[PDB]
2 protein chains.
Amino acid sequence: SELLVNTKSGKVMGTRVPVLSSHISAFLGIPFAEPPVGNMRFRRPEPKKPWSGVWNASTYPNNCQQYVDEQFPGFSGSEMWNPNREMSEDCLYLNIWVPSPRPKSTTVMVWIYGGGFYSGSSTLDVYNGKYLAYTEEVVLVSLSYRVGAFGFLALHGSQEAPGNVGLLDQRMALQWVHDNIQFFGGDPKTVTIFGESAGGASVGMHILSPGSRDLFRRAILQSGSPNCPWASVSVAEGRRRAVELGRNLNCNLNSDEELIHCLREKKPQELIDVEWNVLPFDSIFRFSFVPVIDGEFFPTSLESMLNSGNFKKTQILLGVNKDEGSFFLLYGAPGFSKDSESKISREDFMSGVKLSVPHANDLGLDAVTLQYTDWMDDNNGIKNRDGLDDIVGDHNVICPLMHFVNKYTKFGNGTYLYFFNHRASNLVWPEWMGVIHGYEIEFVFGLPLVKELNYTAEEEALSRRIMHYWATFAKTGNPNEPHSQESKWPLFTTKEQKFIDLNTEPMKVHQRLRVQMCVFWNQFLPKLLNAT
Amino acid sequence: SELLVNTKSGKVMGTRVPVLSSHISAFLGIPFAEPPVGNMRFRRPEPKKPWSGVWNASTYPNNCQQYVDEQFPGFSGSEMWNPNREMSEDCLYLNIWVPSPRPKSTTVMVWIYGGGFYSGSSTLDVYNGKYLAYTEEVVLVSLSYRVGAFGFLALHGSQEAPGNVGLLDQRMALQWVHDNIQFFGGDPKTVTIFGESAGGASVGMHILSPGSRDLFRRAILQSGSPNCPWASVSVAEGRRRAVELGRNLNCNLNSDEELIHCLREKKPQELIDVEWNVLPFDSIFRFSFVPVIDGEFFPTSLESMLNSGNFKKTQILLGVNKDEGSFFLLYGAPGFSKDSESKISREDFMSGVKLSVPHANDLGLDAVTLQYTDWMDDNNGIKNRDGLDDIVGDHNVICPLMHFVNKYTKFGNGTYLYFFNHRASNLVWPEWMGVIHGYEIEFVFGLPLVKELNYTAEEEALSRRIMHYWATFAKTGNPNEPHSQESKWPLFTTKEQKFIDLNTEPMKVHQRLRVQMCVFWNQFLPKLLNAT
Ligand SMILES: COc1cc(CNC(=O)Cc2ccc(CNc3c4c(nc5cc(Cl)ccc35)C[C@H]3CC(C)=C[C@@H]4C3)cc2)ccc1O
């Protein structure tokens, strides 16, 4: 009865799940779209046709077809991110965690996983929503969307492979929530979408896209924003990459109709196996198939829409991690290792910045190098290692997000900015990697509340402060409970630009997060590249 | 007898001078050239034709025709630099202080005054050589040369105004020393030339010029070097400024000879009054009539000569002051005042950068601005003032000199590098201007040994260290006395790049003098301006 819910698409049967020392309801693997299989590959998704009977929704759905990281087999630090379920092109499902007993009209949060737009799963351990739903009395939804070529191949002009269909996948899940969340105790007029990395940029892209704005109330962006350099491409580049994807598979390249037909004949892993051969340069933090600026989902360039205020006016809560770049240097840069301190030589450093700013000309490379090199101590392996990390994280995450937050605040209705700089007491990665890309998700999702996971007492407390900020923001548009005796997270304004740290210590308020480096990244370096 | 000396050109009668609690010999205003007057204006100097009888040499000579600074009339701090004798085109004289009794063969130091190549006199109080001749038992010479258009108007191709005749004035005095200093007790085989500002660049230019290399032994350069941006021009820009000086005074511009004839009819102050009107930009630390890269004095470009090693190989001692730029901001930049602390607004800062890097495009100015702005505190008037100060000093003196120091040390036979950062306890200029362009000369010349000048006991000891450094270096090529247990001024090498502070505290050895900012000024900015 509590577990049996009738939706506009059909009946669904959930399952009772234990959560700490209590229980809540879970609805797992609910379909929201028609499977994008066969001739529906590279397609705009179509709504799930209603079903008769009762949908068994007690088990996680499949994961979408994606690259699988096999660098450290058996290593929990890397495999906690890989698909923990069978992969399939039939993957467009969503999951819901409802408090027990079921609320009447409670706040809804909708998780959007990240992963460079080429990977990601709704079913990972760190995305399990029971702790959040149960602790903050919210209805927690995690959606899914097609990644890699399956969701972002873009042959603009074709209605058959138009691009951005993975973004339409998320839009349609949010439409489902809009149409059905009431039957689970959720209030569709108070829906918060939130995501990390490509999920965070996705969230920002729904803030921008007119066809998405009315499908949610407010937004949380973690280590990602729509203007990121890795987050979108022109139709010309997206076309070039799709045409090049065919050339790698001996496809006929004369018509989109022929190219699309050829690529529809390929097994999923055939596309995945050559997915990276299509990038223009040797690079890190760069991905082949990503959203496109198409004049449709995005009416104009991301920057003109930001200048004109052409976007959803609401409240946003967003932030970054202290060492966003370390994960990428480990995997793609010379001199970095999981098992050493990864002191970086001068020769390696130069190769690093080349691989980090792959679009820059020789003058631009000098500019980056000069801004991050202490020429009293240029052979210092550690300053060179830490410099390269800052290069990667500033260029790709921090400074793109800061440009977004300053532009948005000029028109929005409330900004809250955080800096997550706590290193987990139980990290499995070496100490040089710092506060890693994606390792705040464990605290947002309350995993430190599980005593067997061996977080410290202070980390359980930090994870509860964070969950409550997120939830209170989702409920009210403000992370702070007014009238409460707690330290207050201040609003980010255009003039004072305040933000807080997130960590185990009492709160500190700072101003102008990485202003110096981000003036370089957001104003000087593009002006130098435009000229030259 | 001690004061009567026979030279290859005629007899000279000196005078017996008091110094501290003793006396020495002084020969003032000895002619070394024919008066470059009338039809000889702008021409190469001619050797002074011998005279019969006894030249009265007990009186300072005339000063050369030059701009006279009247900003602060009566103020000792600016008027100590103005001509203290009558001005005249008949100004090619030299002065000699000789210890008493006369030594047999003793080291010779030849002083070359600075002043932007448009001003400067051999006869100023701070250049009075008795203290240095007496305290260090050297024969001390101060020469003179033509400045302004009189010394450096350049119409390459013409033999009537070929350019660089001011440098040639210096060369001829050096030739006279080589020919006569032995009669005053000086060893012509151990002559050290030294000068500040334009005088330091001049010393450097004699190191480069083949026709000068044999006329001296070793060199000291203070707050100036031949590759400074204000220190030379092309033949085209010299001709351009010459033609414009003509246009400014309604001269026939048809031919070099008509133009030269017209200018030779003008009174001296007629030329001076329009001297500034020929500069290409609104600028500070830029001077109209300066040496020319002509192909004869300088065989090729200064950089090629520095690269090929085409220069005199010997020992050099050289350095800079802490705040070279404040004097020029006082006189030519908005917001600076003699009587206030001159906190600089952001608008005046921007106006400063433009006047300071007049040859930069907009990308260059943003580069300078970014490099010297603290964007956590951009409305700090002190930080803005001190930034503008560093921009002027680094771009015009410190970084130009460090490039010379590095290039020269690769081929030279001994470099010694100093950083003079003591601020005199009796300065008449405000604290914000720091250690000023020019104000190390007083310590080099031992003015702190005069009790009436109200220096501190520790400044007299500093001045004595400096005099002994200079004289010892001149005597031996090493500022350090052997087998003394005083701290040793380390040789500057290609790889360790050590230098010393000069102040009242015990000496410390540092490395890489302002290497961060000078990578920008010597390697990045020129590359950016060449690319844009
Ligand atoms: C656009 O900017 C402007 C720039 C100027 C330039 N100002 C001048 O030429 C005036 C001037 C000022 C001073 C001198 C000679 N005096 C000095 C000299 C030196 N340092 C000084 C430091 C101070 Cl604080 C004051 C005077 C010094 C150090 C030596 C180098 C020079 C160039 C001149 C001598 C000797 C000559 C000429 C005038 C008006 C402007 O608007």
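A few remarks follow.
- Any pair with Cβ under 7 angstrom, 6 or more apart, that starts in the range B:433-447 at a residue that is more than 14 Å from every other protein chain (Cβ to nearest Cβ) and of a type in the set (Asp, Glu) and ends at one that is more than 7 Å from the ligand (Cβ to nearest atom) and assigned to a helix (DSSP H, G or I): B:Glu442/B:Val126; B:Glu442/B:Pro448
- Residue match in the range B:16-26 (condition: of a type in the set (D, E, K, R) and either closer than 22 Å to B:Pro103 by Cβ or touching a helix residue (DSSP H, G or I) at 6+ places or on another chain (Cβ under 8 Å) (or both)): yes
- Residue in the range B:320-335 that is more than 15 Å from the ligand (Cβ to nearest atom) and within 30 Å of B:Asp69 (Cβ to Cβ) present: no
- Contact annotation: residue pairs with Cβ atoms under 8 Å, 6 or more positions apart or on different chains, pairing a residue in the range B:109-132 that is under 22 Å from B:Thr472 (Cβ atoms) and away from chain A (no Cβ under 14 Å) with a partner that is within 12 Å of the ligand (Cβ to nearest atom) and β-branched (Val, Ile, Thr), are B:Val126/B:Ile441; B:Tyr127/B:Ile441.
- Scanning the range B:282-296 turns up no residue that is of a type outside the set (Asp, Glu), touching a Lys or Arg at 6+ places or on another chain (Cβ under 8 Å), away from the ligand (no atom under 16 Å from the Cβ) and over 30 Å from B:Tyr469 (Cβ atoms).
- Checked across the range B:199-210, the condition of being surrounded by fewer than 24 Cβ atoms within 10 Å (Cβ to Cβ) and either free of Cβ contacts under 8 Å to residues at least 60 places away in the same chain or of a type in the set (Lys, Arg) (or both) holds for no residue.
- Check on B:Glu303, surrounded by fewer than 16 Cβ atoms within 10 Å (Cβ to Cβ), assigned to a loop (DSSP other than H, G, I, E, B) and under 23 Å from the mean Cα position of the chain (by Cα): no
- Breaking point among (1) farther than 27 Å from B:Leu318 by Cα; (2) touching a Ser or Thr at 6+ places or on another chain (Cβ under 9 Å); (3) away from chain A (no Cβ under 14 Å), for B:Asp348: (2)
- Pair list, Cβ < 7 Å and 6+ apart or interchain, from the range A:32-43 residues that are buried (at least 21 other Cβ atoms within 10 Å of the Cβ) to residues that are basic (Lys, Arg): A:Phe32/A:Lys48; A:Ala33/A:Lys48; A:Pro36/A:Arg43; A:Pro36/A:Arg146; A:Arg41/A:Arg264
- Qualifying positions in the range B:261-281 - within 16 Å of the ligand (Cβ to nearest atom) and in a helix (DSSP H, G or I): B:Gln269, B:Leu271, B:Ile272, B:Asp273, B:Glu275, B:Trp276, B:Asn277, B:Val278
- Set B:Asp362, B:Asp377, B:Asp348: member being more than 25 Å from B:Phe420 (Cβ to Cβ) and within 16 Å of the ligand (Cβ to nearest atom): B:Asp348
- Residue identified as out of contact with any strand residue (DSSP E or B) (no Cβ under 8 Å at 6 or more places or on another chain) and surrounded by fewer than 18 Cβ atoms within 10 Å (Cβ to Cβ) among B:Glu458, B:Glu442: B:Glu458
- Beta carbons closer than 7 Å, at least 6 apart along the sequence or on distinct chains, never pair a first residue in the range B:63-83 that is within 14 Å of chain A (Cβ to nearest Cβ) and farther than 16 Å from B:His437 by Cβ with a second that is outside any helix (DSSP H, G or I) and within 8 Å of the ligand (Cβ to nearest atom).
- Looking only at residues of the range A:357-372 that are facing chain B (nearest Cβ under 10 Å) and free of Cβ contacts under 8 Å to residues at least 60 places away in the same chain, we find that the one that is surrounded by the most Cβ atoms within 10 Å (Cβ to Cβ) is A:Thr369.
- Remark: pairs (first residue in the range B:324-342, away from every other protein chain (no Cβ under 14 Å) and farther than 11 Å from B:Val392 by Cβ; second residue within 11 Å of the ligand (Cβ to nearest atom) and among the hydroxyl-bearing types (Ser, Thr, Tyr); Cβ separation under 6 Å; 6+ apart in sequence or on different chains) = B:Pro334/B:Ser351.
- Residue count, the range A:375-385 (criterion: among the charged types (D, E, K, R) and either in contact (Cβ under 8 Å) with a residue 12 or more places away in the chain or closer than 20 Å to A:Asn522 by Cα (or both)): 2
- Which listed residue, of B:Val450, B:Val428, is more than 14 Å from chain A (Cβ to nearest Cβ), over 22 Å from B:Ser356 (Cβ atoms), within 13 Å of the ligand (Cβ to nearest atom) and of a type in the set (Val, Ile, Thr): B:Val428
- Residue check: B:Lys383 meets all listed conditions (1) in contact with an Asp or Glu (Cβ under 6 Å, 6 or more places away or on another chain); (2) closer than 30 Å to A:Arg514 by Cβ; (3) within 15 Å of the ligand (Cβ to nearest atom) but one, namely (3).
- Selection of the range B:145-170 for residues being of a type in the set (A, V, I, L, M) and out of contact with any strand residue (DSSP E or B) (no Cβ under 6 Å at 6 or more places or on another chain) yields B:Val147, B:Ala149, B:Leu153, B:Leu155, B:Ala161, B:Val165, B:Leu167, B:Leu168.
- Selection within the range B:171-197 - within 16 Å of the ligand (Cβ to nearest atom) and in contact with a strand residue (DSSP E or B) (Cβ under 6 Å, 6 or more places away or on another chain): B:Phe194, B:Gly195, B:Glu196
- Hits in the range A:373-392 - residues which are away from chain B (no Cβ under 14 Å) and surrounded by fewer than 16 Cβ atoms within 10 Å (Cβ to Cβ): A:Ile382
- Any chance B:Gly238 is under 16 Å from B:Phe117 (Cα atoms) and touching an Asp or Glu at 6+ places or on another chain (Cβ under 8 Å): no
- Some residue of the range B:202-223 being under 24 Å from B:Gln65 (Cα atoms), part of a helix (DSSP H, G or I) and away from the ligand (no atom under 16 Å from the Cβ): yes
- Test result for B:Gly238, within 16 Å of the ligand (Cβ to nearest atom) and away from chain A (no Cβ under 14 Å): no
- Selected residue (criterion: farthest from the other protein chains (Cβ to nearest Cβ)) from residues of the range A:491-532 that are without any contact (Cβ under 8 Å) to a residue 24 or more places away in the chain and of a type in the set (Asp, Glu): A:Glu505
When we count neighbours, we look across all protein chains shown, and the Cβ atoms used for this are built from the backbone with ideal geometry, even at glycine. Readers should treat all values here as calculations from the given coordinates under stated rules, not as data from a laboratory.
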